[PDB]
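> Sequence first, structure after; it's an experimental one.
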Amino acid sequence: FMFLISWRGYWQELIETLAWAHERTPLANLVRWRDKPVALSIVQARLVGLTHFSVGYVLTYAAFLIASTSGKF
Amino acid sequence: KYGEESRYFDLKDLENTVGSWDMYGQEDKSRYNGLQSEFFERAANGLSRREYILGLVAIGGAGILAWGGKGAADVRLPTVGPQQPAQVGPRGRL
Amino acid sequence: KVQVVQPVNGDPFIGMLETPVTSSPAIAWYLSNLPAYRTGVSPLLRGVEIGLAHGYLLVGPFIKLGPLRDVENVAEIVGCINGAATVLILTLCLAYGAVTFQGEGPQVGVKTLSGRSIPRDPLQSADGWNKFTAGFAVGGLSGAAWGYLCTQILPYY
Amino acid sequence: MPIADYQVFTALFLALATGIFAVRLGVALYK
Amino acid sequence: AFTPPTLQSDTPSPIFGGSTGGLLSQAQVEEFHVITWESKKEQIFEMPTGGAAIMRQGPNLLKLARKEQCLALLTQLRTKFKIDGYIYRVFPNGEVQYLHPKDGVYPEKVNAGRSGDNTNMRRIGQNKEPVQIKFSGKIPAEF
Amino acid sequence: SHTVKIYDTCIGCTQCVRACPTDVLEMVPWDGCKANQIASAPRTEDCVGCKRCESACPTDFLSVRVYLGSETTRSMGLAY
Amino acid sequence: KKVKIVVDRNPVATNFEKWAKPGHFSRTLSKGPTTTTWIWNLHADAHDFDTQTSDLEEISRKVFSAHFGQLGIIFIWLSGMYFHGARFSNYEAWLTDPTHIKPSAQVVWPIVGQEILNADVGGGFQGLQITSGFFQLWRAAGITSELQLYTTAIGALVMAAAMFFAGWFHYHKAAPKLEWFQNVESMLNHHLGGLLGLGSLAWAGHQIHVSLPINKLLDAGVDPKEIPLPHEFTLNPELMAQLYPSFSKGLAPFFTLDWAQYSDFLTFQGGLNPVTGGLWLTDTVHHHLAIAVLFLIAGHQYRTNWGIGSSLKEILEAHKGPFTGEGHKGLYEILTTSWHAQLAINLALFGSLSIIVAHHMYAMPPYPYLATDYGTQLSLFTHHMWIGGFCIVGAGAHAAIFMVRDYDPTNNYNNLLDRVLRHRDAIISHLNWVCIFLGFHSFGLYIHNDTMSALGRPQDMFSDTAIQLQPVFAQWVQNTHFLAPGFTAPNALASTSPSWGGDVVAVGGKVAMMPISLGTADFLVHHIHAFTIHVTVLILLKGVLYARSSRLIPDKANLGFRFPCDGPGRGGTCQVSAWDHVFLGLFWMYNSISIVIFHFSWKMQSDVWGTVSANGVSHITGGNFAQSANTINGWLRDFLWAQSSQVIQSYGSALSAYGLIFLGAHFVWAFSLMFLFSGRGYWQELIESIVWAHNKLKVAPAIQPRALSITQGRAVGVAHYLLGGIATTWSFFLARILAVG
Amino acid sequence: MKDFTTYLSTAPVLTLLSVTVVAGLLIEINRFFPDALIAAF
Amino acid sequence: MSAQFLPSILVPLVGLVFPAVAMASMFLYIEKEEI
Ligand code: CLA
Ligand code: CLA
Ligand code: CLA
Ligand code: CLA
Ligand code: CLA
Ligand SMILES: CC1=C(C/C=C(\C)CCC[C@H](C)CCC[C@H](C)CCCC(C)C)C(=O)c2ccccc2C1=O
Ligand SMILES: CC1=C(C/C=C(\C)CCC[C@H](C)CCC[C@H](C)CCCC(C)C)C(=O)c2ccccc2C1=O
Ligand code: SF4
Ligand code: SF4
């Protein structure tokens, strides 16, 4: 639901702000990212939210079904 | 920079104008005292190469597996201890 | 009348601001005097000191809070845990130095806050970070070992 | 009658062999 | 013919108190843009990085992380102040590339002497079907 | 590195050029429309992909078509 | 200069010609609804007076008349509540037996089997059990009569007519000029003294002459029929001297400053009245008199038509320090010329006030027999919590709107607004780090507890019986409050609330208020509250600070406060506007307030509310909070599954309406998920197919059907989400607390 | 009253009055003919 | 269950050793620059 509701723009600004933080935090400027941190793309985060939705759906129902049948029979 | 007034750009001095600074890094030879520096460079001599510092991680993972082989049971841990009866279940099962 | 928040080095177009914590003389002296900002001394001894500090750091949480915190032999098992933690942080340094120092990039350079040119630090190099990783190796396991020995020789524990 | 130690070890060795086959197939697919 | 103006490095900057949205680590190792404009009086404008700055009489020099920030500042100068300006692309090795008013006049006005590339002589619906360009590394619209 | 294309339905109203925030589009002389001007995209490397030009095109269907493609440090609009 | 009344004679004609044409207020809505987007924008921009006219005078007049109309609506609502208390309520019966008779002020018409909702509340009456607490408030005011409630309803209807007449008069006959609205000195001088101070003094007068004698007789125990009417208690000091002997000497000790003789009815004990479980009404009288004097003193601070007083601009501009540059330079001008900034400040402090009201009213009930009715207590707390959170989110929204529209960088150079805008990255990054740290050290503690319980290691989880996390500061603050009387509160005979410590206050066999102990679970849930509040602050503050501009989008102020995006470029700029920050902060406020009210209900059903049996206190759930509220499975099972049995088995009873709403709100919440997860292009293309189907049968509307806009879709989704979640919690809370207690 | 009746003819007023009269008609139908499960003639 | 020691070795191998080596290897390979 997190990726489903919120969209790419709040996260990009937040990541830019955190990149500003790390690029000029003392004792951490020794290391730097090889790949520039960016927000997930719109299609990518739609896919990620869908994947989490399906995984949570399946895990929740499998847990409930197996518990409510095996614990009872 | 040439920032004697309000001029913060200079192509002949483009190093300072871009913003590349040390912030806190300062150059100084004096820090660590004698004999101990040689002691520590001898302690970390041949290990500086990437392959041997990889081999240190290899023997670390060997220790990880040695815990599972003989080390988990030495600190007891319930996963290798004994068991106490059992439970039947909802109906006539086991 | 008194000015305490200023642009850094004059130009108001850089991301920092002069602030009485990011550039107060005591804190600036303390940050410059940390080993990680000693570009003059060899990176191996710097990594040794960093590893010693961090290895002696990591003992405590595992001692007081680990799964075997309530049994007498917590110190040895925590020394083992800290050895494993030092190894994994060591391979983190290995991977970082191998991926970010596979080539060269001599661009622009670096100067001080006053206007004097300074070398661009031997730590930021393939061979330099190898010495730092090797220093963190012997230092990290020694700090854990000294943390184990501190559990038996300290009076107040 | 549960299987023996030698059967488990032989199975694990054959799994190592088929792992070599698997990485050969993967390398061929990457090329 | 038209010649691009040189980037006069020793140009005064607007009065500003220092922001956090200014230059970062991209300026040192990739690129940072810069905008130059002529102001007829001392007056307050708005920075693209946040906050208010006072540009001074005469030449004003401001470096920005991205070209979009430079064009935002230029368009607000052109609308709220009727002030034109020049934007330059400055590489860290030293080379400076002229940017926005490339041929003197603004891009929304014709100049007769530009390059009319990326102008297809067909309609939207006259592109090729994707099956006819299959396994090519190109979209249907760049044929 | 975004593909921006101009098509002959362009009427030369210059609105796509005015809508561009990174100066990608410009007007070149043309003879296919009443205004005797058509849009062109010589600086697509500065294109971020915002599609503000498409939002300003009054032609149905629009004449300045932006195809999002390869992403660079300028197409992603990064200041870091 | 010179505060005075200035108005314009007959600015706007009164007729119905603009009622015929919708969308007249804005130019963009002219030339008819070509699409249904016009229909949606007509309601979207009805109150956006900035987009209707550019004149601050007309905006101010519209705001003033809208305030009058809102006051008329509130007066109609109050008249309806008093009329329902008069006609369709068991208020007189409840007055005789407030301990056992359940309050009710609404009955239903037997039409479709819905007469089952008329509960057997008691007193020979059938109706819906109300949880609003009007009965306790009326008993506190000393009504004890049906005719007086009807008279108050008629008076409130008259006041509503007066409000509507005032709004029409001040928009159409005598509309005040702009400089009348800008007399903030006079407005504060009259709101401090003439509104709040005089209102508190008048309520103290009513409480002295009406509430004290009638409620004193009720507490001593007398049927309300034979109690003397309020006027004859007010008419002569004889009966008052029988009840409060200090009235025999009248106003003489007041003017001679021998005020200590008024100590029988101007008291200061603290605690609760043991007969009713509410606060002592003499203490409330003393409180209202003291704050009335304080507010009337506060009403002379500012300078108007005479030389005495201090100007707000002068006080602001002189509060400048070395760390902040010019300080409060420009704040007077951006608050006397921008309505949205004042709306943001007032909404923030108003929501904080509502939350403080919720806190102070559960902690120590002010009305008689309010503590014993757990239903109205839980409902009042939860309602004020939700109103406070909503108003706070609106404060963030209007701060963002001011930043977009009414913020001028010319008159805001190097001031506090400029200083904050010039280092927004630091503030936002640091709030982000605080949010991450709080999220870890709050939620991961719960997850660790879940994992250790599920691994069979109860000694390793954070709990009172294992690894303790004790709120030592909060416990010591409770101890300081409990030890306050006789030490740091020498004139207090009891502590402010029994929650600090002491004996259990029991009224009618039920606990009014008992001490609350804080343990590990309370520590965890308070840190959860801090984390949720911090994330909501992060979203709202980020929207306000980056409303003007950004690294990604440098010209966000040009695109406006409410725009969907700036295209798929720069990786994607979806929800970059400050409006979408409000849209996300709405969900986060929902989450925060939901956790707060869950903690409230579980904590007081487990450790406060219950019955007394002369050997202990039997709580509603039985002390299960201390051993189950540190585990998410405990919240799901022992609170969210155990207490849900009352609302799902409510069919065939009076709580069947709560049972039905419990499912309908689930439906609405999941209906929100359509608008929140999907996008406009799909619905537009589907609408195109439906338009083809309509064209095939010549039934195409001339007003073109369009899919909801992106901002429209987000607004609909968040509205449905919050409505469904809040109504689910409301039905659950009310059914659970009215079935058991 | 032409403008007032035009306001009464506006879409929200007309739809609210129409759903009001339809709901009232259905309610009085159920008041006089309650519990009509089927169309038994 | 025959050879009870074997899970005690294999589970840390595929939970710590093999995953750490695989993650380090893939992190090295994704930024190899010149493969
Ligand atoms: C019957 C008397 C009357 C008449 C004939 C008018 C006529 C007019 N007024 Mg006016 N007004 C009146 C009374 C009246 N007003 C009162 C009592 C107030 C105080 C609230 C106002 C305050 C006011 C303001 C501030 C403004 C006008 C404006 C206008 C002009 C156009 C707007 C309009 O009416 O569109 C039609 C309006 C409606 C059909 C009604 C609006 C919706 C109502 C107020 C909702 C009330 C709440 C209601 C219970 C719904 C709540 C939710 C519900 C579903 C449960 C118009 C000529 C505007 C103007 O002059 O334009 C510049 C202007 O801005 N009026
Ligand atoms: C002692 C003088 C006094 C009093 C009692 C009030 C009271 C009030 N003002 Mg007001 N105001 C005053 C002076 C006063 N004002 C002056 C001098 C100015 C010019 C600077 C203003 C400018 C002003 C503005 C711009 C606004 C208010 C508003 C309000 C209302 C606040 C909202 C609310 O719901 O409160 C609680 C509600 C009640 C207490 C209900 C009681 C209502 C009665 C009728 C109050 C009668 C007081 C009135 C001033 C008497 C003179 C009017 C007379 C001809 C009938 C409130 C009733 C706001 C409002 O809501 O608009 C209506 C608002 O917009 N005031
Ligand atoms: C003192 C309170 C107050 C006031 C005076 C305003 C005033 C204003 N707000 Mg605002 N706001 C507030 C509180 C307030 N707000 C709160 C508490 C929130 C948090 C939710 C917001 C969040 C907010 C946003 C996000 C926006 C505004 C906007 C606006 C402006 C235009 C409003 C408009 O016409 O849109 C239309 C108003 C409506 C269509 C009314 C219906 C709104 C919903 C659907 C009603 C909720 C349903 C209700 C609970 C009934 C449910 C039962 C149902 C089953 C029947 C206006 C000046 C808009 C703006 O652009 O600012 C310039 C903007 O987009 N506000
Ligand atoms: C409880 C959640 C929920 C509900 C009720 C729906 C309902 C619907 N979806 Mg949907 N969907 C959901 C979740 C949900 N979805 C989610 C999470 C997703 C993933 C994003 C989707 C994605 C999706 C897609 C992609 C599509 C739909 C479509 C539809 C419609 C199918 C037609 C139909 O079955 O008629 C049933 C009608 C209803 C269920 C509405 C309820 C009846 C109302 C309440 C009666 C009105 C009474 C009253 C006046 C209500 C107003 C009260 C107010 C005035 C106070 C339907 C309205 C398809 C569509 O549009 O069909 C053409 C479509 O293509 N859905
Ligand atoms: C894909 C099938 C599969 C799966 C899902 C599992 C899963 C599991 N095995 Mg098992 N195993 C398998 C095949 C499989 N095995 C086969 C065919 C053999 C015969 C040689 C064994 C022999 C074996 C032994 C002796 C033991 C386990 C054990 C275990 C458990 C811990 C893993 C471990 O430590 O052992 C490591 C597993 C191996 C060394 C061999 C597995 C090789 C499989 C076929 C790889 C398949 C990968 C798949 C096709 C693609 C995924 C991508 C991947 C390559 C990254 C775990 C639940 C331990 C246990 O009992 O736990 C209590 C244990 O000691 N397995
Ligand atoms: C949080 C968030 C982000 C921020 C992106 C984040 C935080 C990604 C960072 C995740 C880190 C890397 C941890 C992820 C852990 C995963 C389980 C690891 C998976 C890796 C695979 C190779 C297996 C967006 O960019 C975004 C964009 C559009 C809509 C919604 C969102 C959104 O919700
Ligand atoms: C369903 C859906 C639509 C389609 C929605 C439409 C076409 C609106 C339907 C409204 C109809 C026409 C009116 C129905 C009236 C009801 C009987 C009561 C509605 C409540 C009103 C009184 C306010 C979108 O347009 C959309 C856009 C962006 C993101 C998500 C979505 C989305 O999920
Ligand atoms: S907006 Fe469209 S029609 Fe106008 S010049 Fe640009 S491409 Fe041509
Ligand atoms: S997906 Fe929608 S909100 Fe996001 S960039 Fe595209 S049009 Fe804008």
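Perfect, I can see it now. Numbering: from 1, shown residues only, chains lettered A, B, ... in the order given. Ligands and ions are numbered 1, 2, ... in the order given.

> what does stretch F:73-80 rub up against?
Surrounding stretch F:73-80, the residues in contact under the criterion CB atoms under 8 Å, 6 or more residues apart in numbering or on different chains are A:16, A:19-20, A:23, A:36, A:38, E:21, E:24-26, E:30, E:65-69, F:1-2, F:45-49, G:551-552, G:569-571. Every C-beta, even on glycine, is put in place using the N, C-alpha and C of the backbone.

> now with 6 Å?
Taking contacts as CB atoms under 6 Å, 6 or more residues apart in numbering or on different chains, the residues outside stretch F:73-80 that touch it are A:19, E:24, E:26, E:65-66, F:1-2, F:48, G:551-552, G:570-571.

> what residues does chain I put near chain B?
Chain I has residues I:8-9, I:12-13, I:16-17 near chain B, with proximity defined as CB under 6 Å from any CB of the partner chain.

> ok so, going back, quick check, nearest of the contacts of stretch F:73-80 to chain B?
residue E:24 (7.9 Å; CB to the nearest CB).

> mind checking which helix or strand residue C:41 is in?
Residue C:41 is part of no helix or strand when elements are defined by DSSP states H and E.

> list the contacts for the residue of the stretch 601-741 of chain G at minimum distance from ligand 9?
Using CB to the nearest ligand atom, the point where the stretch 601-741 of chain G gets nearest to ligand 9 is residue G:710, with a distance of 5.3 Å. The neighbourhood of residue G:710, defined by CB under 6 Å, 6+ apart, consists of G:564, G:680.

> What are the contacting residues of stretch G:731-741?
Contacts made with stretch G:731-741 from outside it, assessed by CB under 6 Å, 6+ apart, are listed as G:129, G:374-375, G:378, G:643, G:646-647, G:650, G:655, G:658, G:661-662.

> what does stretch G:289-297 give?
Where contact means CB under 6 Å, 6+ apart, the residues beyond stretch G:289-297 that reach it are G:192-193, G:196-197, G:200-201, G:204.

> Start from the N-terminal end of the chain and give the helices.
No chain specified, so I'll use chain A. Along chain A, counting by DSSP state H, helices occupy A:2-5, A:10-23, A:42-70.

> try chain I instead
Counting by DSSP H, chain I has helices at residues I:5-12, I:18-30.

> Now residue 21. Nearest residue, chain neighbours left out?
Picking chain A for this. Closest residue to residue A:21 in three dimensions, ignoring its sequence neighbours and counting by CB to CB, 6 or more residues apart in numbering or on different chains: residue G:429, at 4.0 Å.

> I was after chain C.
residue C:27 is the one closest to residue C:21 (CB to CB, 6+ apart), at 6.0 Å.

> what about that neighbour, which helix or strand?
With elements delineated by DSSP H and E, residue C:27 resides in helix C:25-32, which encompasses its position.

> helix/strand/coil for residue C:106?
Each residue gets one of three states, and residue C:106 gets coil by DSSP: H, G, I helix; E, B strand; the rest coil.

> And it, how far from chain I?
For residue C:106, the distance to chain I under the criterion CB to the nearest CB, to the nearest Å works out to 17 Å.

> how close does the closest residue to chain F within chain H get to residue E:74?
With CB to the nearest CB, the shortest gap between chain H and chain F falls at residue H:11, namely 29.1 Å. For residue H:11, the distance to residue E:74 (CB to CB, to the nearest Å) stands at 47 Å.

> higher neighbour count, these two?
In this comparison of residue H:11 against residue E:74, neighbours counted by other CB atoms under 10 Å in any protein chain shown, the higher total goes to residue E:74 at 21 against 11.

> quick check, nearest of the contacts of stretch G:731-741 to chain C?
Ranked by distance to chain C (CB to the nearest CB), the contacts of stretch G:731-741 are led by residue G:643 at 34.4 Å.

> picking up where we left off before, could the helices of chain I be laid out in a markdown table, adding distance to chain F and mean neighbour count?
Formatted as a markdown table, the helices of chain I follow (distance: least, CB to the nearest CB, whole Å; neighbours: other CB atoms under 10 Å in any protein chain shown):
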| stretch | distance to chain F | mean neighbour count |
| --- | --- | --- |
| helix I:5-12 | 40 | 16 |
| helix I:18-30 | 17 | 13 |
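
> which one of the contacts of stretch G:731-741 sits closest to ligand 2?
When the contacts of stretch G:731-741 are compared against ligand 2 (criterion: CB to the nearest ligand atom), the nearest one is residue G:378, at 27.0 Å.

> Contact partners for whichever residue of chain B sits closest to ligand 3?
When CB to the nearest ligand atom is the measure, chain B has its nearest residue to ligand 3 at residue B:19, with 38.3 Å between them. In this structure, residue B:19 makes contact with C:14, E:23, E:27, judged by CB under 6 Å, 6+ apart.

> before we move on, what about residue G:656?
Taking CB under 6 Å, 6+ apart as the criterion, residue G:656 is in contact with residue G:650.

> if I look at residue G:147, how far off is residue E:18?
Distance from residue G:147 to residue E:18, counting by CB to CB: 71 Å.

> Which of these two has more residues huddled nearby?
Neighbours per residue (other CB under 10 Å) separate residue G:147 from residue E:18, with residue E:18 holding more: 22 against 9.

> For the more buried one, which non-adjacent residue is spatially closest?
In this structure, residue E:18 finds its nearest non-sequential neighbour in residue C:7, 3.3 Å apart by CB to CB, 6+ apart.

> in the sheet, who's paired with that neighbour?
The bridge-partner assignment for residue C:7, based on DSSP bridges, gives residue C:17.

> Surely it is in contact with residue E:16?
No. Contact status for residue C:7 versus residue E:16: not in contact, 7.4 Å apart, counting by CB atoms under 6 Å.

> the more surrounded of the two?
Between residue C:7 and residue E:16, residue E:16 has the larger neighbour count (other CB under 10 Å), namely 23 against 18.

> Identify the residues contacting the more buried one.
For residue E:16, the contact set (CB under 6 Å, 6+ apart) comprises C:12, E:53.

> Can you name the residue of chain B nearest ligand 2?
Checked against ligand 2 (CB to the nearest ligand atom), the nearest residue in chain B is residue B:6, 46.0 Å away.

> Return the residues in contact with that residue.
The contact partners of residue B:6, by CB under 6 Å, 6+ apart, come to E:12-13.

> switch to 8 Å and redo it
Contacts of residue B:6 by CB under 8 Å, 6+ apart are E:12-13, E:15, E:56.

> Which pair in those residues has the greatest spatial separation?
E:12 and E:15 (9.4 Å; CB to CB).

> Mutual contacts of those two, please.
Residues within reach of residue E:12 and of residue E:15 at once, by CB under 8 Å, 6+ apart, are B:6, E:56.

> Test my guess that residue C:21 contacts residue C:28.
No. Using CB atoms under 8 Å as the test, residue C:21 is too far from residue C:28 to be in contact (9.7 Å).

> related to what we said a few turns ago, quick one: the residue of chain B closest to ligand 2 and chain F, what's the gap?
For residue B:6 relative to chain F (CB to the nearest CB), the value is 23 Å.

> now that residue, what's its secondary structure?
Local secondary structure at residue B:6 is given as coil here, using three-state DSSP.
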